[PDB]
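Below: the structure, in structure tokens.
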Amino acid sequence: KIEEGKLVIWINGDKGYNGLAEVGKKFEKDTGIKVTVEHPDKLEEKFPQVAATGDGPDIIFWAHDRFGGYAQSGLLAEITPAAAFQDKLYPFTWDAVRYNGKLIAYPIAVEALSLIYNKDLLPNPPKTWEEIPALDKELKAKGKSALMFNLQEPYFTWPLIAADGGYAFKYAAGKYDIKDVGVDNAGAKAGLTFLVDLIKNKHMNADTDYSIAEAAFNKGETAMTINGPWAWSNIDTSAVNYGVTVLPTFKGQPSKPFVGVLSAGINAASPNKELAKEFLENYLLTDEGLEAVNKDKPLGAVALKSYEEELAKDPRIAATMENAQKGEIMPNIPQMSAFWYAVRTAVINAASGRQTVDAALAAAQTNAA
Ligand SMILES: OC[C@H]1O[C@H](O[C@H]2[C@H](O)[C@@H](O)[C@@H](O)O[C@@H]2CO)[C@H](O)[C@@H](O)[C@@H]1O
């Protein structure tokens, strides 16, 4: 079903799909080959469906945690670029895209969450989570909440959990110990506990998705949020005054957000295996190609060494790096498919209050399998 001769590209609707579209015309200009850009839903789950029955895109863009899962199922393209090309990118980004001594994806960007605040409505930041229960009331004397952020997803709620020692899989002898999961440890339980007890005093709401958080800030209904560099485009153009800084201290310990790497590979069935390699190596990963993508919807700390240290200036990005290096990198193994949903469940359950904090989690230890 994958057609012989052309390119179709898959990337999420929060990154730059209008920036990556403009890059397509320079590729259509020289070689004459067609390059369509797309942004479907549940593409983390749609890809290993369409690929597992001989379909799907030429190229897919996502955090590196799924690609080891796609390398297991056997629906990827093993990339073999020259080592001189691997010398142009920060070496550690390849240690993400290497499941079992062999290559499967190019790295493009380095992601991490960072505290954004409404400099206008709230001048200085809180440095513990602990003071937000007092911070809420003062702004709630003007119809405005302290913090709001997507609670439904685990990516945003994990930073707070990890702080006090909350871990997916224990780091035992190079590889990851699957058999010791740590979502239901004493530190993690108390982390989640604080997210729930924030909500129980109406200082956040339980069912606040992504769209509500963004909009609420981007106009001004609330004075804080937790989001990536990708949301700086809409904030800038919605004309808000905002700094970026550290993700603050749960129990005098730093939030450890899971550090993703926006990476890309090619389909197993695909007949255009060297067509994407000429597109990837030459056009996109450049100080012209990564510019127009960063223009539309920022990536922050890019993987190509040359363009990264040209835009390392912005205190926003530096602060994004500060969180990132203080947090830890996402593991790549297959069960990271299952790990994310185990918590995704357990969070919402206790978040609203449907279940006890301890039961939802001590269940979710089982779910990671
Ligand atoms: O922790 C899992 C949770 O976060 C990540 O999703 C991120 C993704 O990493 C970013 O590149 C961007 O797309 O924002 C996403 C959240 O909306 C995980 O990759 C994914 O399992 C899940 O969303």
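The way I read the labels, and the way they are meant: chains A, B, ... in the order of the structure tokens, residue 1 as the first residue of every chain, and ligand 1 as the first ligand shown, with later ones counted on from there.
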
Close residues, residue 65 of chain A itself excluded, 9 Å, only C-alpha atoms, min 4 positions apart in chain, as a ChimeraX atom specification: /A:69,96-97,260-261,330-334,336-337

Quick one: everything within 8 Å of residue 34 of chain A, counting only C-alpha atoms, minus sequence neighbours fewer than 4 positions away in the same chain. Send it as a list in words. residues 6, 7, 24, 27 and 28 of chain A

Let me see the file: selected residues, N, CA and C atoms, as a short mmCIF file (atom, residue, chain, number, x, y, z; two decimals), in the first residue's frame.
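Contents of the output file part10.cif:
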```
data_model
loop_
_atom_site.label_atom_id
_atom_site.label_comp_id
_atom_site.auth_asym_id
_atom_site.auth_seq_id
_atom_site.Cartn_x
_atom_site.Cartn_y
_atom_site.Cartn_z
N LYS A 6 7.68 8.33 -3.51
CA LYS A 6 7.36 9.62 -2.84
C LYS A 6 7.45 9.56 -1.31
N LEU A 7 7.29 10.72 -0.67
CA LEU A 7 7.40 10.85 0.79
C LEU A 7 6.13 11.36 1.46
N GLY A 24 9.77 20.88 2.83
CA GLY A 24 9.38 20.04 1.70
C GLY A 24 9.55 20.64 0.31
N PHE A 27 13.06 20.37 -1.13
CA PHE A 27 13.23 18.99 -1.59
C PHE A 27 12.48 18.71 -2.90
N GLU A 28 11.28 19.30 -3.05
CA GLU A 28 10.54 19.29 -4.34
C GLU A 28 11.21 20.12 -5.44
#
```

Measuring atom to atom with only C-alpha atoms and all ligand atoms, identify which of A:127, A:273, A:344, A:326 is nearest to ligand 1.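 Smallest separation from ligand 1 among the options: A:344.
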
Residues within 10 Å of ligand 1 (only C-alpha atoms and all ligand atoms), as a PDB file with C-alpha atoms, in the first residue's frame?
```
ATOM      1  CA  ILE A  11       4.641  14.344  13.253  1.00  0.00           C
ATOM      2  CA  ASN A  12       2.483  15.392  16.217  1.00  0.00           C
ATOM      3  CA  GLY A  13       0.150  18.429  16.030  1.00  0.00           C
ATOM      4  CA  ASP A  14       1.973  20.307  18.834  1.00  0.00           C
ATOM      5  CA  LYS A  15       5.374  20.458  17.090  1.00  0.00           C
ATOM      6  CA  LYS A  42      -2.823   8.527  18.770  1.00  0.00           C
ATOM      7  CA  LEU A  43       0.116   8.247  16.322  1.00  0.00           C
ATOM      8  CA  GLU A  44       2.153   6.664  19.121  1.00  0.00           C
ATOM      9  CA  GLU A  45      -0.439   3.803  18.818  1.00  0.00           C
ATOM     10  CA  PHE A  61       8.544  11.769  14.412  1.00  0.00           C
ATOM     11  CA  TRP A  62       8.193  11.056  18.139  1.00  0.00           C
ATOM     12  CA  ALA A  63       9.999  10.797  21.475  1.00  0.00           C
ATOM     13  CA  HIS A  64      12.662   8.049  21.458  1.00  0.00           C
ATOM     14  CA  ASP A  65      10.900   5.822  24.053  1.00  0.00           C
ATOM     15  CA  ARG A  66       8.584   4.150  21.435  1.00  0.00           C
ATOM     16  CA  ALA A 109      15.753  17.593  19.428  1.00  0.00           C
ATOM     17  CA  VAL A 110      16.177  17.344  23.227  1.00  0.00           C
ATOM     18  CA  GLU A 111      12.908  17.873  25.146  1.00  0.00           C
ATOM     19  CA  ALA A 112      12.076  18.678  28.784  1.00  0.00           C
ATOM     20  CA  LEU A 113       9.360  20.406  30.827  1.00  0.00           C
ATOM     21  CA  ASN A 150      -2.476  18.838  31.815  1.00  0.00           C
ATOM     22  CA  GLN A 152      -4.531  13.598  32.392  1.00  0.00           C
ATOM     23  CA  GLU A 153      -1.221  12.773  30.692  1.00  0.00           C
ATOM     24  CA  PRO A 154       1.594  11.167  32.806  1.00  0.00           C
ATOM     25  CA  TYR A 155       4.463  13.084  31.116  1.00  0.00           C
ATOM     26  CA  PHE A 156       3.388  16.195  33.048  1.00  0.00           C
ATOM     27  CA  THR A 157       2.562  14.481  36.393  1.00  0.00           C
ATOM     28  CA  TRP A 158       5.742  12.297  36.519  1.00  0.00           C
ATOM     29  CA  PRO A 159       8.201  15.180  37.310  1.00  0.00           C
ATOM     30  CA  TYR A 210      -4.101  20.110  27.557  1.00  0.00           C
ATOM     31  CA  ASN A 227       4.604  22.769  29.221  1.00  0.00           C
ATOM     32  CA  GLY A 228       7.432  22.262  26.689  1.00  0.00           C
ATOM     33  CA  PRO A 229       9.197  24.696  24.314  1.00  0.00           C
ATOM     34  CA  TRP A 230       6.533  23.903  21.630  1.00  0.00           C
ATOM     35  CA  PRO A 257      10.941  15.255  34.389  1.00  0.00           C
ATOM     36  CA  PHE A 258      11.330  12.356  31.957  1.00  0.00           C
ATOM     37  CA  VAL A 259      13.645  13.653  29.248  1.00  0.00           C
ATOM     38  CA  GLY A 260      12.457  12.834  25.730  1.00  0.00           C
ATOM     39  CA  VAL A 261      14.359  13.069  22.437  1.00  0.00           C
ATOM     40  CA  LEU A 262      12.333  13.884  19.308  1.00  0.00           C
ATOM     41  CA  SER A 263      13.710  11.278  16.882  1.00  0.00           C
ATOM     42  CA  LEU A 299      12.237  22.383  19.792  1.00  0.00           C
ATOM     43  CA  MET A 330      13.490   8.210  29.043  1.00  0.00           C
ATOM     44  CA  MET A 336       7.703   1.579  28.100  1.00  0.00           C
ATOM     45  CA  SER A 337       4.597   1.139  25.949  1.00  0.00           C
ATOM     46  CA  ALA A 338       2.956  -0.445  29.020  1.00  0.00           C
ATOM     47  CA  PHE A 339       4.732   1.673  31.722  1.00  0.00           C
ATOM     48  CA  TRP A 340       3.169   4.988  30.582  1.00  0.00           C
ATOM     49  CA  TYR A 341      -0.444   3.678  30.660  1.00  0.00           C
ATOM     50  CA  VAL A 343       0.475   5.460  35.686  1.00  0.00           C
ATOM     51  CA  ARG A 344      -1.823   7.345  33.241  1.00  0.00           C
TER      52      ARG A 344
END
```

So how far away is atom CA of residue 165 of chain A from atom CA of residue 100 of chain A, in Å?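 So the answer is 27.4 Å.
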
Expected answer as a ChimeraX atom specification: helix (DSSP H, G or I) residues in segment 158-336 of chain A: /A:158-163,186-200,210-219,229-238,273-284,289-296,305-308,315-326,336

Using the chain letters and numbers from this document, which residues of segment 210-321 of chain A does DSSP assign to strand (DSSP E or B), as a PyMOL selection string? chain A and resi 222-227+242-245+249+258-259+261-267+301-302+304

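Atom pair atom CA of residue 21 of chain A / atom CA of residue 82 of chain A: separated by 26.8 Å.
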